[PDB]
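K.L.:
Chains as they are written, first to last, in the deposited numbering: chain A, 32 to 62, 71 to 145, 157 to 309, 313 to 321, 321A, 322 to 359, 361 to 398, 409 to 503; chain C, 1 to 52, 52A, 53 to 82, 82A to 82C, 83 to 100, 100A to 100E, 101 to 128, 134 to 216; chain D, 1 to 94, 96 to 212.
Have a look at this one.
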Ligand SMILES: *[C@@H]1O[C@H](CO)[C@@H](O[C@@H]2O[C@H](CO)[C@@H](O[C@@H]3O[C@H](CO[C@H]4O[C@H](CO[C@H]5O[C@H](CO)[C@@H](O)[C@H](O)[C@@H]5O)[C@@H](O)[C@H](O)[C@@H]4O)[C@@H](O)[C@H](O[C@H]4O[C@H](CO)[C@@H](O)[C@H](O)[C@@H]4O)[C@@H]3O)[C@H](O)[C@H]2NC(C)=O)[C@H](O)[C@H]1NC(C)=O
Ligand SMILES: *[C@@H]1O[C@H](CO)[C@@H](O[C@@H]2O[C@H](CO)[C@@H](O[C@@H]3O[C@H](CO)[C@@H](O)[C@H](O[C@H]4O[C@H](CO)[C@@H](O)[C@H](O)[C@@H]4O)[C@@H]3O)[C@H](O)[C@H]2NC(C)=O)[C@H](O)[C@H]1NC(C)=O
Ligand SMILES: *[C@@H]1O[C@H](CO)[C@@H](O[C@@H]2O[C@H](CO)[C@@H](O)[C@H](O)[C@H]2NC(C)=O)[C@H](O)[C@H]1NC(C)=O
Ligand SMILES: *[C@@H]1O[C@H](CO)[C@@H](O)[C@H](O)[C@H]1NC(C)=O
Ligand SMILES: *[C@@H]1O[C@H](CO)[C@@H](O)[C@H](O)[C@H]1NC(C)=O
C-alpha cells in the first residue's frame, strides 16, 4: 500500500534491433580506408550472472559488412583503366616457349596508341583459361568475359589485402560477445560479456575451406542450422592449425603497353624452364585432422558411416580451392585430399597438389562484372594456416552419409567468424513503483 | 510476375540423349535454387535433383547419378537438363520448380513451370489397326479396339457421330513396345443388336487415314 | 526414407461443404510439410506451408493443421472449381511426394453394368488376341477388376483405364484389357473378368468360352 509511480534513468535493459555499425582502421596502410576512420584501443568487461540468447544465422551485421566489402572494392577499383579496346580479334599460334600447351597464349592484335592515327601491331602473353575460342578457324580467339561485361585492370600499387578491421558500435548500442567456449551457433549463453568494438576481423577470400582465421577454444566445433536436415552449408571450425605451403616457381616478365595517360600491363616472357605451380600439405596433420573431424561429426548422426568425395560440376570456384596470394589467384586441385571413408562401428610425408592460375576473375559473388589481375614478376611462395572447412552433404541412403566440400557463397565465410557478436539497443527509461509521494 | 518458361520435349527416340531448357524471367536469378521434378502416369511425383544457379553446384538422386546432368548459363539466365540413354520408363511430365530457402536451409516450393511432356518410343508415324470387338450377345454394349497407332491423337465416333448413347472413348494408353492403344465403347438395347446398324469411325490426323469399321456383323 | 501416405484416394462432397484430407508420415518430420493444389493440367499452386500457414493470395476458406505425425487439410466452403487433386509434400529431409487425392462430385451409390468382350477374329488373324472388360455407370471410384483365365489369376500383363467423371450423372466408366498372344489365347477355354465394387454385393464375374 501507499505505492506511487517513479521513474529511473540509466536503466540496464536492452532490446535487439538493426543498426548501422561503425568501423576502424590501421596506422600503416596501402594509401576511404587508408587514413580513416579512427584506430582506438578496446576494452572488455564480463557481464556476471547474465544469460542471453544468440543466433549466428539471423544476425544482421554479416550482410552489412558484406555490403561494406563490396563497396570498398568498388571504390578501390573505380579510378582504374577500362580494358575495352583490347576486345579486338586475337590471332594466336602459341609456339614460343619450350612447352606451349600449359599456357597457350604467347596472340597478336591491333591497338590504338598515343596518336589515334591507325592501330599498331602488338603481342602479349595470356592463359588459355582467360582465352575463349571463336567460331570457324581455331586460331581466332577472344577474351572470356567481353561478350558479357567490361573488364578493368587493377592498379598494382593500391592493392587491397586482409587488413584487420574492428567494428565499432554507435552510441547507445552495445555489442555482446558470448565468451563461452562450447557455443553451438545458437541458444543461450551464460558467459555474456561486452566490448566497445570487435577484434581484428580480416577480409579473407577463399573457397572450399577458410584460412588466416581465428581458432576454436576446446576441440573442433561444428555449426549448422537446425530448422531442417536439408542444409545449405555446414561450418567446421578447427581447434588446431594446419599449415599449407603454396608456390608458383617460375619468374615472369612484366611488359607495358600504352593506350592517354593509362599504361596497360601484360606478361612478356617466362624466365627459364616451365614448372607447374603446386601446394604442399603435411600428410600426418591432414589425415589426423580428418579422423578427428569425422569421429566428432558422428555425434550428430547416430549409426551411419562417413565418406568423402570432392565436389562435382560447376565453375572452377567450387571444383577447386581458389584463393589469392600476393597479386596472383590460385585454383588448387583437391581431389586427393578428400578421398577417405570411415565405418560407424608429427610431420612425416607431404601431399603435393597441382594448381592453375588465371588473370581475369569475376567478382566473388556476382557475374556481369570482371577484373583483370596484373602480372606478377618473379617466383611466389606463400605459407598459410587453415582454420576450418565449409562442407555440404549429399542425400545418400541407409547406413551411409556423405559429405563433400563446397561454399561458393562468400558470405558464409564471414559468417564463420562473426558468430560471437550481437548488437543490442539500450532502453534506459524503466519505470518503477516506490513508497514515496511527490512534494505538493 | 515470375515465369518459368520451358522448351524442348514431345517425342524422343529410344536410347538417345535429350535436352530440356528453362528460362526464368522476373526475379533475382542468383537467389533461389531450382529443383527438377517429374511425374510418370499412374505414379506419384519424384525428385531428380537440384541446382544452385549462382555457382553451378548440382545434386542428384541416388539411383540416377550416372544418367543426369544439369548446368546453366547466367547471362541468358537459362537452365539445361541433359539426360543420357533414354529408356521406356522415362515417359513423364517434367517440371522445373523454384525453391524458397533461408540463409542456411531450404524450404517449400512456390512456383511451378509450364512443364514439358516427354514421350519415349522409337516408332514411325503409323495409322491405326482397328479391331471390332464383338457386341455382347436389357442394355448391351459393343466396342472397338484401336491398336498400334502413332502419334497422338485419334478420333473415334459412332454411326458418323449419330449413335451417342453412352459413348465412352477411353484415354490413350502407351504400351510397352512404344505404341498407343485404347478401347472405345457404346451401349445400345440388347434387341437393337439384331436390328440397328453400327459404324465405328476412326480417323488419324497425323497419318491422316480414316476407316469406318464394321462392328455390326459379329452380333453373335 | 520418408513415405508420405496420403489418404484417402478419393473424397466426395457437394458444393459449399467441408472436406478433410489426411497425410500420414512414416516418421517424425517436425512441421516441414506443405500442401499443394493441382489444376487439371496446369502448374500446381502452393496452398499451405509449415502445416498451418496459408500462403499469399490463397482464398481464406482453406485451412491446415498438424497433429504430430499426421497432417490435416480442410476446405470449409468447397467450390465447383475446387473439385481437383491435392497433394502433400514434406521437406524435413530429402524430398518426397504423396499419391495425391481427387475430390469429386458426391452422388448416390451406383452399381456398374459389366460386359466382357472376346478377342476379335481380326485380332486372331493378327495374333495379338486380347480380352476386354467394361464397367459402365458406377459410383464411387473404389471399384476393382481381376482377370481369371481357366479360373487362373493373371496379373501384370493387363491394363486399366477410367473415364473422366460424367458431368451429368456423376458416374464412372472403367475399361480393362488382358493382353495376350495367339498362343497365350490357346491354353484356356474359359475366360472371366471378376468385378468387385461397394455398390455390388458380391464379386460379380462375367465369363465366356472360346469358339
Ligand atoms: C557470348 O556470350 C555468352 C554468354 O557469356 C558466352 O557463353 C555461351 O552462351 C551460350 C548460350 O547460352 C552457351 O550455349 C549453351 O551451351 C550448353 C553447353 O554447351 C557446352 O558447355 C559444356 C561445359 O559446361 C558444363 O559441362 C558439363 C556438362 O556438359 C558439366 O558437368 C559442367 O559442370 C559444366 O557446367 C560442355 O560440356 C558441352 O558439351 C558444350 O560443349 C548447351 O547445352 C546449351 O543448350 C543446348 O543444348 C542442346 C545441344 O547441346 C540443344 O538442345 C540446344 O542446341 C541447346 O541450345 C547452349 O548451347 C555456351 O555454352 C556459352 N559458353 C560458355 C559458357 O563458355 C559465349 O561464349 C559468347 N560468345 C562467344 C563467341 O564467345
Ligand atoms: C596469411 O598469413 C601469412 C603469414 O604472414 C601471409 O604470408 C605473408 O604474406 C605477405 C603478403 O602476402 C608476404 O609479404 C610479401 O613478402 C615479399 C618478400 O618479403 C615482399 O616482396 C612483398 O612485397 C610486395 O608488396 C610491395 C608493396 O606493394 C611491393 O613493393 C613488392 O614488390 C611486392 O609486390 C610482400 O611484402 C609474406 O612474404 C608472406 N609470408 C610470411 C612468412 O610473412 C599470407 O599472405 C596471409 N594471407 C593468406 C591469404 O594466406
Ligand atoms: C594418412 O592416412 C591415410 C589414410 O589412412 C594414409 O593413406 C594410406 O597409406 C597406406 C600405406 O601407408 C596405404 O596402404 C593406403 O592405401 C592409404 N590409404 C589411402 C590413400 O586412402 C596415409 O599414409 C597417412 N599418412 C601419414 C603420414 O600417416
Ligand atoms: C557453455 O554452454 C553449454 C551449453 O549447455 C554449457 O554446457 C557449458 O557449461 C557452457 N560453458 C561454461 C564454461 O559454462
Ligand atoms: C579415391 O580412391 C579410390 C581408391 O581405389 C579410387 O578408385 C578413386 O578414383 C579415388 N577418387 C578420387 C577422387 O581421388
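The beta carbon of each residue, even a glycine, is placed where N, CA and C say it ideally should be.
Find out if the Cβ-Cβ distance for the pair residue 111 (chain C), residue 20 (chain C) is shorter than 8 Å.
P.N.:
No, they are not a contact pair.
K.L.:
Under the assumption that residue 159 (chain A) contacts residue 172 (chain A) (Cβ atoms under 8 Å), give the Cβ distance between them as a whole number of angstroms.
P.N.:
Sure, about 6 Å apart at Cβ, within 8 Å.
K.L.:
Quick check on residue 477 (chain A): buried or exposed, where buried means 16 or more other Cβ atoms within 10 Å of its Cβ?
P.N.:
By the 10 Å Cβ count, residue 477 (chain A) comes out buried.
K.L.:
How about residue 379 (chain A): is its Cβ closer than 7 Å to a heavy atom in ligand 2?
P.N.:
Residue 379 (chain A) Cβ: within cutoff of ligand 2.
K.L.:
Can you tell me which residues form a DSSP beta bridge with residue 271 (chain A)?
P.N.:
Looking at the DSSP assignment, residue 271 (chain A) forms a beta bridge with A:287.
K.L.:
Taking CB distances under 8 Å as the criterion, tell me whether residue 98 (chain C) reaches chain A.
P.N.:
For residue 98 (chain C), the answer is yes, since a Cβ of chain A falls inside 8 Å of its Cβ.
K.L.:
Between the alpha carbons of residue 146 (chain C) and residue 43 (chain D), how many angstroms are there, rounded?
P.N.:
Computed Cα separation, rounded: 27 Å.
K.L.:
If we cut at 8 Å on Cβ distances, does residue 368 (chain A) have a partner in chain C?
P.N.:
At least one chain C Cβ lies under 8 Å of residue 368 (chain A).
K.L.:
Taking only the alpha-carbon atoms, compute the straight-line gap between residue 177 (chain C) and residue 101 (chain D) and give it to the nearest angstrom.
P.N.:
Going by the C-alpha atoms only, they are around 26 Å apart.
K.L.:
Kindly indicate which residue of A:295, A:349, A:33, A:274 has the alpha-carbon position closest to the one of residue 414 (chain A).
P.N.:
Ranking A:295, A:349, A:33, A:274 by Cα distance to residue 414 (chain A) puts A:295 first.
K.L.:
Buried or exposed for residue 142 (chain A), please, with buried defined as at least 16 other CB atoms from any protein chain shown within 10 angstroms of its CB.
P.N.:
Result: buried.
K.L.:
Taking the C-alpha atoms as reference points, what is the distance between residue 5 (chain D) and residue 108 (chain D)?
P.N.:
Each residue's Cα considered, the two are about 26 Å apart.
K.L.:
Kindly indicate if chain D contains any beta-carbon less than 8 Å away from that of residue 484 (chain A).
P.N.:
It does not: the Cβ of residue 484 (chain A) has no partner Cβ on chain D nearer than 8 Å.
K.L.:
Heavy atom of ligand 2 less than 7 Å from the Cβ of residue 418 (chain A), yes or no?
P.N.:
Every heavy atom of ligand 2 is 7 Å or more from the Cβ of residue 418 (chain A), so no.
K.L.:
Tell me whether residue 106 (chain D) sits in a helix, a strand or coil according to DSSP, three-state version.
P.N.:
In this structure, residue 106 (chain D) counts as strand in the three-state DSSP scheme.
K.L.:
Taking the alpha-carbon positions, what's the residue 202 (chain C) to residue 5 (chain C) distance?
P.N.:
For residue 202 (chain C) and residue 5 (chain C), the distance between alpha carbons rounds to 27 Å.
K.L.:
Taking the C-alpha atoms as reference points, what is the distance between residue 203 (chain D) and residue 63 (chain C)?
P.N.:
For residue 203 (chain D) and residue 63 (chain C), the distance between alpha carbons rounds to 45 Å.
K.L.:
Strictly closer than 7 Å from CB to any heavy atom of ligand 4: give me those residues in the order they appear in the chain.
P.N.:
Chain-ordered list of matching residues: A:230, A:231, A:232, A:233, A:237, A:239, A:240, A:241.
K.L.:
According to DSSP, simplified to helix, strand and coil, what is residue 145 (chain A)?
P.N.:
Note: residue 145 (chain A) maps to coil in three-state DSSP.
K.L.:
With a cut-off of 8 Å on the beta carbons, I'd call residue 36 (chain A) and residue 496 (chain A) a contact; round off their distance for me.
P.N.:
Indeed they touch by this definition, with Cβ atoms about 7 Å apart.
K.L.:
Name the residue from A:389, A:95, A:58, A:200 whose alpha carbon lies nearest to the alpha carbon of residue 117 (chain A).
P.N.:
If we check each option's Cα against that of residue 117 (chain A), A:200 comes out closest.
K.L.:
Is DSSP giving residue 80 (chain C) helix, strand or coil here?
P.N.:
DSSP places residue 80 (chain C) in strand when its eight states are reduced to three.
K.L.:
Please go through the same chain and pick out, in chain order, the residues whose beta-carbon is closer than 6 Å to the beta-carbon of residue 135 (chain A), but skip the five residues on each side of it.
P.N.:
Counting only Cβ-Cβ distances below 6 Å, and skipping sequence neighbours, we find 145.
K.L.:
Closest Cβ-Cβ distance between residue 16 (chain D) and chain C: below 8 Å?
P.N.:
No - not a single Cβ of chain C is within 8 Å of the one on residue 16 (chain D).
K.L.:
So what does DSSP say about residue 150 (chain D), is it helix, strand or coil?
P.N.:
DSSP places residue 150 (chain D) in strand when its eight states are reduced to three.
K.L.:
Report yes if the C-beta distance between residue 222 (chain A) and residue 273 (chain A) is below 8 Å; otherwise report no.
P.N.:
Result no, Cβ atoms of residue 222 (chain A) and residue 273 (chain A) do not sit closer than 8 Å.
K.L.:
Are residue 467 (chain A) and residue 362 (chain A) closer than 8 Å when you measure CB to CB?
P.N.:
Yes, Cβ-Cβ distance for residue 467 (chain A) and residue 362 (chain A) is below 8 Å.
K.L.:
Go ahead and pull the three-state DSSP assignment for residue 53 (chain C).
P.N.:
Three-state DSSP puts residue 53 (chain C) in coil, outside helix and strand.
K.L.:
Excluding sequence positions up to five away, which residues of its chain have a Cβ less than 7 Å from the Cβ of residue 134 (chain C)?
P.N.:
185, 186, listed in sequence order.
K.L.:
So what's residue 214 (chain D) in DSSP terms, helix, strand or just coil?
P.N.:
Absent from the model: residue 214 (chain D). The displayed extent of chain D is 1 to 212, so no value can be given.
K.L.:
Taking 8 Å as the threshold (C-beta atoms), are residue 66 (chain D) and residue 31 (chain D) in contact?
P.N.:
Yes. Within cutoff.
K.L.:
Can you tell me whether residue 169 (chain A) is buried or exposed, with buried defined as 16 or more other CB within 10 angstroms of its CB?
P.N.:
With fewer than 16 other Cβ atoms within 10 Å, it is exposed.
K.L.:
Closer than 8 Å by beta-carbon distance: list the chain C residues that pair up with residue 408 (chain A), in chain order.
P.N.:
Missing from the coordinates: residue 408 (chain A), inside the break in chain A from 398 to 409.
K.L.:
Quick check on the DSSP output: the beta strand (DSSP E) that includes residue 183 (chain A) runs from which residue to which?
P.N.:
Unbroken beta strand (DSSP E) run through residue 183 (chain A): 181 to 183.
K.L.:
Less than 8 Å between CB atoms is the rule here; does residue 91 (chain D) satisfy it with respect to chain A?
P.N.:
Chain A, which has a Cβ nearer than 8 Å to the Cβ of residue 91 (chain D), makes this yes.
K.L.:
Check each candidate in D:124, D:98, D:11 and name the one with the smallest Cα separation from residue 132 (chain D).
P.N.:
Residue D:124 is the option with its Cα nearest to residue 132 (chain D).
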